[PDB]
Amino acid sequence: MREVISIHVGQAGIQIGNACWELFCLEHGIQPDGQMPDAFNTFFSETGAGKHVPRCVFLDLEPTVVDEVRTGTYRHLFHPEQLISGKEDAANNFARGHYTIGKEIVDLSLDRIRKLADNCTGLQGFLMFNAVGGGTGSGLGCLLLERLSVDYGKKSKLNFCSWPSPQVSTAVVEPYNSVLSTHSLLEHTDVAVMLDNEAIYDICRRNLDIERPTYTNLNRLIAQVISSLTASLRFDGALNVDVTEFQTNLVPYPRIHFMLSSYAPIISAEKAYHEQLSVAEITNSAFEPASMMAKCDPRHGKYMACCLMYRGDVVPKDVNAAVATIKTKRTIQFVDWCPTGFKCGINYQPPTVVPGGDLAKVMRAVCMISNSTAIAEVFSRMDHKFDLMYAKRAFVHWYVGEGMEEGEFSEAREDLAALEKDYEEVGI
Amino acid sequence: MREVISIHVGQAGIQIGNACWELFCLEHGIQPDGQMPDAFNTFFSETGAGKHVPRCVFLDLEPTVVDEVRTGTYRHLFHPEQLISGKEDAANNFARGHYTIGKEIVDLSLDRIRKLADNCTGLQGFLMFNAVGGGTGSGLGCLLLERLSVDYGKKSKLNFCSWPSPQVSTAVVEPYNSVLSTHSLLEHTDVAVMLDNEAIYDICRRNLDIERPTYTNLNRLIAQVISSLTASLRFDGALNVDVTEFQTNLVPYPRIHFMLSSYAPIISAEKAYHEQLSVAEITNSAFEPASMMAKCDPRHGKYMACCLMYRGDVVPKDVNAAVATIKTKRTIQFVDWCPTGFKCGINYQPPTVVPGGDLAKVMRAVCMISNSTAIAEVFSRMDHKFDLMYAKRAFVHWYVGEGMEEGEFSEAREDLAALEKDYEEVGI
Amino acid sequence: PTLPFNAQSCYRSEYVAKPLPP
Amino acid sequence: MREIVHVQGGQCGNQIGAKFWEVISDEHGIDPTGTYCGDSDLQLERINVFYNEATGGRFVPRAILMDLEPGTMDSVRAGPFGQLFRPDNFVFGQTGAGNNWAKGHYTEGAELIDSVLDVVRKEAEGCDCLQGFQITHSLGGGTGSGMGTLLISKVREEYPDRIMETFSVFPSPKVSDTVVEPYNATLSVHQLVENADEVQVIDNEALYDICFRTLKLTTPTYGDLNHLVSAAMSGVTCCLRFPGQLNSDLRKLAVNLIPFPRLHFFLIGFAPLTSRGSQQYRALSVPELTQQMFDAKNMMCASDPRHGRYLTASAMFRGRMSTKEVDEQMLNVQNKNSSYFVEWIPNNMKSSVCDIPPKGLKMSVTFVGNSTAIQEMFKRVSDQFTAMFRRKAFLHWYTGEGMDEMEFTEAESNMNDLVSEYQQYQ
Amino acid sequence: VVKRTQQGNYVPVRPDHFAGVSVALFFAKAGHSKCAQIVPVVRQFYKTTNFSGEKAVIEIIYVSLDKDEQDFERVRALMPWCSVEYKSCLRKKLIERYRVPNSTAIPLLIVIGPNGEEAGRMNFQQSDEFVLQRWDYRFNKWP
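Residue numbers (the authors' numbering), protein chains in the order written: chain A0, 1 to 37, 47 to 437; chain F0, 1 to 37, 47 to 437; chain 21, 237 to 258; chain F1, 1 to 426; chain x, 12 to 113, 125 to 165.
Below, the structure written as structure tokens:
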């Protein structure tokens with residue numbers, strides 16, 4: 001059956017994935033024991058009668074978190090050899106994963122995918138989940154995504170990245186790890202959903218009115234985005250859009266494929282109780298500088314493509330009138346050469362919800378994914394953070410000492426400089 | 001009076017014919033005991058009081074397929090003397106089934122053939138079922154058929170050959186087994202009907218719309234062709250045929266007797282609601298190339314002779330309506346020198362359905378056996394499997410060591426070369 | 237030391253003594 | 001009807017056989033005392049293939065046990081299903097071929113062949129007409145590798161129109177039982193290629209790898225490992241005992257596998273192989289049975305099959321499975337893995353559908369395959385022979401008992417030639 | 012005295028059943044290797060020759076030499092044809108009347135004519151096992 005395969009690389013994507021498959025088990029009504037008391050075929054297989062198994066792979070070089078999945082809730086619902094665990098973590102080094110220690114898992118991983126991908130054709134895409142700044146996510150993420158490009162050249166493969174924020178970085182080697190990542194994650198990938206962490210920090214504090222959150226609420230909130238993204242693959246509706254025609258609509262040219270997200274509504278049971286989330290305002294909150302999830306003001310950039318999956322009850326009248334209102338807004342400027350910019354999606358299934366989490370049941374949701382030129386300074390910000398540290402060779406010898414060469418760092422310089430050059434070339 | 005003696009040799013012969021006999025028992029209302037609660050003369054004798062023993066012989070060199078019938082539900086249906094088991098299997102050798110072990114069975118089998126033919130004068134023919142790639146299917150088949158030609162002069166010999174596939178083979182010695190059978194099949198049989206296996210796999214995939222049929226579902230469809238073939242002998246019709254007229258119907262030269270098969274309708278009981286089966290529509294499905302039971306593309310074939318036996322409540326003129334439009338159509342290409350190329354016989358009684366089978370009860374049915382020049386593809390492909398494998402004498406010592414003379418494989422190929430050229434000569 | 241055997245052949249499964257058509 | 005005589009030679013053969021007869025007995029459902037319970041015609045109609053009635057309703061196996069030291073023959077007597085064998089079937093040597101092929105074959109063994117041939121033909125003529133033999137030996141030791149290969153040569157000339165298949169354990173790459181390993185193997189291969197029709201190779205360390213990985217057992221004893229050979233060595237001969245759609249036989253696969261008579265050394269794989277934990281998390285179907293059976297870490301010979309190309313390969317499926325799902329998949333793998341097979345054989349693969357699944361399990365396959373990947377394995381035994389011959393190490397323990405230095409020179413020549421044909425046929 | 016096994020319990024047999032057909036009594040014993048050999052063979056033979064047709068041509072009355080109520084109930088729980096009652100002294104009467112010694127004697131089929139006296143002896147302690155069908159159910163049908 002038509003299907004999509006999931007890949008989780010590193011500490012970031014693993015517990016995102018923990019938040020991911022928690023919902024999908026609840027969405028399809030299967031208990032953690034693994035049994036329920047055709048729609049799920051795109052994410053879950055069958056084991057005998059009544060038992061459903063996730064179609065995902067986990068991949069990390071250290072067992073301290075892979076073991077945390079296995080001895081947790083999902084002892085029986087998962088598969089034992091579905092989780093892949095190495096010996097030593099790459100430890101914030103692009104060189105440790107991509108060059109030395111990764112090779113012992115690649116041969117094991119390639120064989121896993123090949124055994125999962127070949128059985129049924131009509132497969133659709135892949136789903137990476139990794140942090141750009143972490144070493145395994147950047148390192149071991151790359152060589153796996155490199156090898157898949159050579160083998161299945163014909164095929165879509167989505168990326169989900171946790172880009173470093175302007176203030177919060179959670180590591181000293183983030184500028185090195187990132188600029189090295191995107192050189193080898195521009196060419197190999199197709200579409201990469203950029204996300205920041207401090208964006209969602211101020212999301213939790215403003216709308217969802219909690220003053221200091223942690224990772225189990227960040228992953229709970231990105232899991233609602235991905236479930237709203239890919240419900241169209243799972244369930245039916247009046248109008249659905251899948252993986253393979255995101256790239257058709259949103260990617261005008263091969264380089265410009267790094268885009269943002271926004272989700273409306275983000276409201277607790279405090280205010281889900283207290284007002285309409287009407288189509289005339291959930292789209293207003295979607296375009297607000299607050300609700301976007303990639304920490305840059307769209308005022309100092311130009312929108313070029315937008316994709317709006319309304320999920321829940323919207324009758325078509327309200328979409329189209331709300332859309333026409335947004336053209337009239339002067340503050341939001343499209344690029345002049347692109348008259349069409351919106352690719353509406355209306356689903357009929359109501360929005361999902363975790364049990365006991367902060368996310369409220371809302372009657373209708375919008376998940377907006379946005380190709381904009383506001384990424385221009387976000388790339389130049391990391392370029393400037395590269396320029397400081399590279400100026401006199403700090404923390405280079407760690408990468409060089411592992412097996413890399415000085416000089417491929419330079420090659421990434423004109424690679425990212427070309428990427429910032431393209432955005433300023435396109436956006437005029 | 002008038003009857004046909006059936007022979008089953010080799011495993012493929014036995015279990016196809018095991019399905020063929022259980023179809024005939026319920027055709028005439030004969031219980032598995034062999035009693036009844047001038048139809049049954051042509052396939053049954055009468056023994057003592059109330060009985061019907063068949064006109065059949067089982068031969069195999071292994072007990073394993075024939076004794077399993079002896080203990081089946083058809084215990085007293087067969088007389089326990091024409092069921093013949095050797096000691097050890099022929100084991101995929103032409104040579105072993107022909108030279109060493111094949112001798113000790115023919116000496117007792119020909120006696121039972123004599124015992125069954127000495128009842129009444131005017132023998133119609135001999136319906137012998139066999140596989141071609143098999144060991145005992147060829148070797149024991151040759152030795153029995155050669156002796157029968159000399160002993161009984163002028164009676165017809167029908168031979169349904171489970172031909173090796175264009176694609177699958179399920180044995181390695183198939184090109185060595187198939188070619189050697191042909192050199193001893195040309196001057197013995199009179200009508201050799203070619204049947205395939207994955208064709209019926211492909212038929213049951215598309216038309217029958219059933220996901221997982223097995224050899225038991227292959228054999229029902231095979232049984233349905235044979236019943237419609239000999240429908241004229243058992244029952245009266247508006248326009249009848251015989252088994253001794255087919256060779257005067259189909260063969261223009263004595264060495265060309267390799268004909269295909271077709272059948273319609275072949276429909277699930279679930280999708281039967283969407284087809285009111287008319288004479289106009291069943292005939293077109295008969296000539297449609299993805300309905301024939303041999304798997305050769307006829308678009309590179311000039312048709313030479315055709316023989317349709319209609320079954321059931323069919324009036325003569327809508328047959329004449331159908332065949333008028335068929336001949337004028339240029340997708341079904343006839344050769345120049347044969348301007349008339351149809352025989353169409355008609356029988357009254359509509360086809361039975363087996364309980365527990367996969368066929369809806371239909372009101373009319375068409376069965377086709379046609380001589381075409383597409384068999385040049387079936388043989389020139391086979392010759393390619395030979396000489397590539399005979400390039401450096403693969404598997405030779407097995408045949409050499411068993412009794413054959415090395416170099417007999419040459420004039421077997423020189424024989425098949427002539428059968429390759431005359432088809433090419435005819436088609437111009 | 238064995239428990240009772242419960243695989244059955246396809247031939248035994250489906251070709252049983254059918255009622256004759258009347 | 002059809003009879004298969006079992007001969008067990010050496011220490012390894014006698015241990016491996018005692019577990020084999022356990023698998024057969026409970027596949028047929030026979031109480032270790034010999035009596036019958038299970039009440040099924042289909043497991044019983046072909047029982048003369050291995051057993052004989054003995055006036056108590058009981059079944060005594062057509063197995064002969066041979067060894068040159070009485071140590072391990074009381075081991076099988078005292079142990080499980082020891083009550084089943086015949087005390088006349090035991091043949092004792094009181095001396096022991098101490099890992100010396102010379103005394104296994106020429107000197108010490110010659111005075112015991114006069115007894116072991118007695119019991120074998122006593123069981124041979126008892127039936128109507130014999131079909132074949134099967135022999136379990138290891139080609140490491142002395143009383144299996146030499147004392148066994150002489151019994152191979154003697155019964156072959158007496159009954160030349162019968163067949164035999166030997167389940168043989170070879171040397172290992174790194175770890176090494178029986179330090180005079182390459183002497184006993186090479187001297188036995190050049191005899192085994194001349195007098196035996198089919199030989200299933202087994203290595204300890206592919207077999208150590210399987211129980212570490214798939215079965216997930218930290219401490220693997222001999223009992224559990226022999227239980228893994230015995231199921232395969234039961235699977236190859238299912239078809240003689242139980243009916244099916246596409247039947248098979250030893251001779252059926254003897255002729256279908258070997259192109260030329262001198263290369264008949266076969267690989268074994270079996271599937272499914274599931275631990276406790278992953279038993280409930282596999283959804284057993286014909287697809288992943290084929291993907292399990294074509295896996296480099298699944299075959300029981302320590303050769304990576306990806307180096308060579310498969311010449312001929314057979315699959316004895318076992319159970320009620322649908323048959324295009326059978327045949328279409330062997331087509332699938334032969335077309336998909338175009339580089340893994342050999343071009344000059346159209347339809348490389350072979351199939352068989354045995355209609356009774358193993359006990360408790362539902363869908364099983366047993367993969368036997370004539371690969372060319374034993375290029376590297378016999379060249380391994382070859383250079384190990386050359387390493388221990390130029391220095392002339394450990395030669396005195398052989399030469400002093402009527403051996404000849406000419407025998408070793410022929411043995412290497414007669415085995416480096418077998419390497420020649422594997423490489424020749426790409 | 013003679014019981015038939017139904018869904019749920021046992022029922023006394025109706026004596027008009029035995030007429031118009033053929034009758035054999037089956038002397039056997041649970042826990043014997045040869046009895047476990049022969050019981051399923053006669054099962055399949057019975058079912059085939061009786062249900063290959065409309066009505067019954069043969070029937071079997073099973074008589075046991077077992078030493079426990081438990082083993083008797085055990086075999087009767089799964090044997091399809093008739094049985095005798097354990098406590099009825101007809102069973103021991105049939106033993107001493109028909110000459111089974113209570125080995126090389128069990129199993130046995132004694133085919134009985136309409137006069138209560140034998141119309142055949144058939145044994146299995148021999149090399150041949152195709153001997154079930156050597157017995158005519160055509161000369162000896164009870165009136």
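Heads up, the beta-carbon is just placed ideally off N, CA and C, and yes, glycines get one too.
According to DSSP, is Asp205 (chain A0) part of a helix, a strand, or is it coil? Along the first sequence, read from residue 1 onward, the residue named residue 205 (chain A0) stands at position 196. The answer is strand: DSSP assigns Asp205 (chain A0) an E or B state.
Terminal residues of the continuous beta strand (DSSP E) containing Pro261 (chain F0)? For the purposes of this step, residue 261 (chain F0) is taken as residue 252 along the second sequence, with counting starting at 1. Under the DSSP assignment, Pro261 (chain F0) falls outside any beta strand (DSSP E); it carries neither an H nor an E label.
Using a threshold of 7 Å, state whether the C-beta atoms of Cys316 (chain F0) and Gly350 (chain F0) are closer than that. The residue you call residue 316 (chain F0) lines up with position 307 of the second sequence. The residue you call residue 350 (chain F0) lines up with position 341 of the second sequence. Here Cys316 (chain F0) is not near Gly350 (chain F0), since their CB atoms are 7 Å or more apart.
Per-residue burial, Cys129 (chain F0) [other beta carbons within 10 Å of its own, 16 or more giving buried]: The residue you call residue 129 (chain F0) lines up with position 120 of the second sequence. By the Cβ-count criterion, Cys129 (chain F0) is exposed, with fewer than 16 other Cβ atoms from all chains shown falling within 10 Å of its own Cβ.
First through last residue of the beta strand (DSSP E) which encompasses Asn52 (chain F1): Here residue 52 (chain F1) corresponds to residue number 52 of the fourth sequence, with the count starting at 1. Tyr51 to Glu53 is the extent of the beta strand (DSSP E) around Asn52 (chain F1).
Alpha helix (DSSP H) containing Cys20 (chain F0): first to last residue? Here residue 20 (chain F0) refers to the residue found at position 20 of the second sequence. Under the DSSP assignment, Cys20 (chain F0) falls in the alpha helix (DSSP H) whose first and last residues are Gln11 to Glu27.
Give the straight-line distance between the Cα atoms of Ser237 (chain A0) and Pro346 (chain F1), rounded to the nearest whole angstrom. Translated into positions along the first sequence, residue 237 (chain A0) becomes position 228. Translated into positions along the fourth sequence, residue 346 (chain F1) becomes position 346. The straight-line gap from Cα to Cα measures roughly 51 Å.
Within 7 Å of any Cβ in chain x, is that where the Cβ of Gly57 (chain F1) sits? Counting from 1 along the fourth sequence, the entry for residue 57 (chain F1) is found at position 57. So yes, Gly57 (chain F1) belongs to the interface.
Extent of the continuous alpha helix (DSSP H) to which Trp172 (chain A0) belongs: By 1-based counting over the first sequence, the position of residue 172 (chain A0) is 163. Counting along the chain, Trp172 (chain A0) falls outside any alpha helix (DSSP H), though it belongs to the beta strand (DSSP E) covering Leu167 to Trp172.
Min CB distance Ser178 (chain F0) to chain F1 below 7 Å: Residue mapping note: residue 178 (chain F0) aligns to position 169 of the second sequence, counting from 1. Yes, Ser178 (chain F0) counts as interfacial toward chain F1.
For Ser419 (chain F0), tell me which candidate among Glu220 (chain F0), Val177 (chain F0), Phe388 (chain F0) and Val188 (chain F0) has the shortest Cα-Cα distance. For this step, residue 419 (chain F0) is matched to residue 410 along the second sequence. Comparing C-alpha distances from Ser419 (chain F0) to each of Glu220 (chain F0), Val177 (chain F0), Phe388 (chain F0) and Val188 (chain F0) shows the shortest one belongs to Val188 (chain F0).
Is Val177 (chain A0) helix, strand or coil by DSSP? Residue 177 (chain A0) sits at position 168 when you count from the first residue of the first sequence. Of the three classes helix, strand and coil, the one that applies to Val177 (chain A0) here is coil, per DSSP.
Ignoring anything shorter than 4 residues, give me the alpha helix (DSSP H) runs that lie fully in the region 310-364 of chain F0, in order along the chain. With a minimum length of 4 residues, the continuous alpha helix (DSSP H) runs that stay inside the region 310-364 of chain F0 are 325-337.
Work out the CA separation of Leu86 (chain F0) and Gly146 (chain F0) for me, nearest whole Å. Position 137 of the second sequence, counted from the first residue, corresponds to residue 146 (chain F0). Position 77 of the second sequence, counted from the first residue, corresponds to residue 86 (chain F0). Taking the CA atoms as reference points, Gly146 (chain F0) sits about 24 Å from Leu86 (chain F0).
For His105 (chain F1), report the span of its alpha helix (DSSP H) as first-last. In the fourth sequence, counting from the first residue as 1, residue 105 (chain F1) sits at position 105. Bounds of the alpha helix (DSSP H) holding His105 (chain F1) are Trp101 to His105.
With a Cβ-Cβ cutoff of 7 Å, do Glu411 (chain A0) and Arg105 (chain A0) count as a contact? Residue numbering aside, residue 411 (chain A0) sits at position 402 when the first sequence is read from its first letter. Residue numbering aside, residue 105 (chain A0) sits at position 96 when the first sequence is read from its first letter. Yes, these two residues count as a Cβ contact at 7 Å.
Note down, in chain order, every chain 21 residue with its Cβ under 8 Å from the Cβ of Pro243 (chain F1). Residue numbering aside, residue 243 (chain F1) sits at position 243 when the fourth sequence is read from its first letter. Under the 8 Å cutoff, chain 21 gives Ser245 and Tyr247.
Find out if the Cβ-Cβ distance for the pair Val13 (chain x), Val95 (chain x) is shorter than 7 Å. Numbered from 1 along the fifth sequence, position 2 holds the residue referred to as residue 13 (chain x). Numbered from 1 along the fifth sequence, position 84 holds the residue referred to as residue 95 (chain x). A distance below 7 Å separates the beta carbons of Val13 (chain x) and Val95 (chain x).
With DSSP collapsed to three states, give me the class of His266 (chain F0). Locating residue 266 (chain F0) in the second sequence gives position 257, where the first residue counts as 1. If DSSP states are grouped into helix, strand and coil, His266 (chain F0) belongs with coil.
Within 7 Å (strictly less), CB to CB, does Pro32 (chain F0) reach chain 21? Position 32 of the second sequence, counted from the first residue, corresponds to residue 32 (chain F0). At a cut-off of 7 Å, the C-beta of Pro32 (chain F0) has a neighbouring C-beta in chain 21.
Using a Cβ-Cβ distance cut-off of 7 Å, determine whether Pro63 (chain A0) contacts chain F1. Numbered from its first residue, the first sequence carries residue 63 (chain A0) at position 54. No Cβ of chain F1 is located within less than 7 Å of the beta carbon of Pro63 (chain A0).
Paired residues, beta bridge with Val200 (chain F0) - DSSP: As a working note, residue 200 (chain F0) is residue 191 in the second sequence. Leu167 (chain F0).
Simplified DSSP state of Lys154 (chain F1), which is helix, strand or coil: Residue 154 (chain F1) sits at position 154 when you count from the first residue of the fourth sequence. Here DSSP, grouped into helix, strand and coil, assigns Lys154 (chain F1) to helix.
Can you give the Cα-Cα distance for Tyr159 (chain x) and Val68 (chain x), rounded to whole angstroms? What you label residue 159 (chain x) is simply residue 137 of the fifth sequence in a count that begins at 1. What you label residue 68 (chain x) is simply residue 57 of the fifth sequence in a count that begins at 1. Distance between the alpha carbons of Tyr159 (chain x) and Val68 (chain x): 7 Å.
With DSSP collapsed to three states, give me the class of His8 (chain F0). Taking the first residue of the second sequence as position 1, residue 8 (chain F0) is located at position 8. Reduced to three states, the DSSP call for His8 (chain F0) is strand.
What does a CB cutoff of less than 7 Å around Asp205 (chain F0) pick up in its chain, not counting 5 residues either side in sequence? Looking up residue 205 (chain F0) in the second sequence gives position 196. Correct list, in chain order: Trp172, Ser174, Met302, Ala303 and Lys304.
Measuring from the CB of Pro360 (chain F0), is there a heavy atom of the ligand GDP at a distance below 6 Å? In the structure on display, the ligand GDP does not appear, and there are no ligands present to speak of.
Of all the CB atoms in chain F1, is at least one closer than 7 Å to the CB of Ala403 (chain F0)? Counting from one through the second sequence, the residue named residue 403 (chain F0) turns up at place 394. Chain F1, which has a Cβ nearer than 7 Å to the Cβ of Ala403 (chain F0), makes this yes.
Nearest by alpha-carbon distance to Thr340 (chain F0): which of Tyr312 (chain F0), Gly148 (chain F0) and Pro364 (chain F0) is it? Position 331 of the second sequence, counted from the first residue, corresponds to residue 340 (chain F0). If we check each option's Cα against that of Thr340 (chain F0), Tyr312 (chain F0) comes out closest.
Would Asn256 (chain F1) count as contacting chain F0 if we go by Cβ distances under 7 Å? Within the fourth sequence, the letter at position 256 stands for residue 256 (chain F1). Look at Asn256 (chain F1): its C-beta is under 7 Å from a C-beta on chain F0.
DSSP-derived helix/strand/coil call for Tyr281 (chain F1): As a working note, residue 281 (chain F1) is residue 281 in the fourth sequence. In the structure shown, the three-state DSSP call for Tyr281 (chain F1) is coil.
Select from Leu242 (chain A0), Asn50 (chain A0), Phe52 (chain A0) and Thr56 (chain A0) the residue whose C-alpha is nearest the C-alpha of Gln35 (chain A0). Residue 35 (chain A0) sits at position 35 when you count from the first residue of the first sequence. Answer by Cα proximity: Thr56 (chain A0).
Nearest to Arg308 (chain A0) by alpha carbon, out of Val323 (chain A0), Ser381 (chain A0) and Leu248 (chain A0)? Within the first sequence, the letter at position 299 stands for residue 308 (chain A0). Nearest C-alpha to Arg308 (chain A0): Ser381 (chain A0).
If you reduce the DSSP assignment to three classes, tell me which class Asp67 (chain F1) lands in. The sequence position of residue 67 (chain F1) within the fourth sequence is 67, counting from 1. Collapsing the DSSP output to three states places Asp67 (chain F1) in a strand.
If we count Cβ pairs, one from each stretch, closer than 8 Å, do we get three or more for the region 273-284 of chain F0 versus the region 362-373 of chain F0? A contact exists between the region 273-284 of chain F0 and the region 362-373 of chain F0.
Cα-Cα, which of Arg121 (chain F0), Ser190 (chain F0), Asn249 (chain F0) and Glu434 (chain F0) is closest to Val344 (chain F0)? For this step, residue 344 (chain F0) is matched to residue 335 along the second sequence. Checked all of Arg121 (chain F0), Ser190 (chain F0), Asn249 (chain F0) and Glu434 (chain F0); the closest Cα to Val344 (chain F0) is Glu434 (chain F0).
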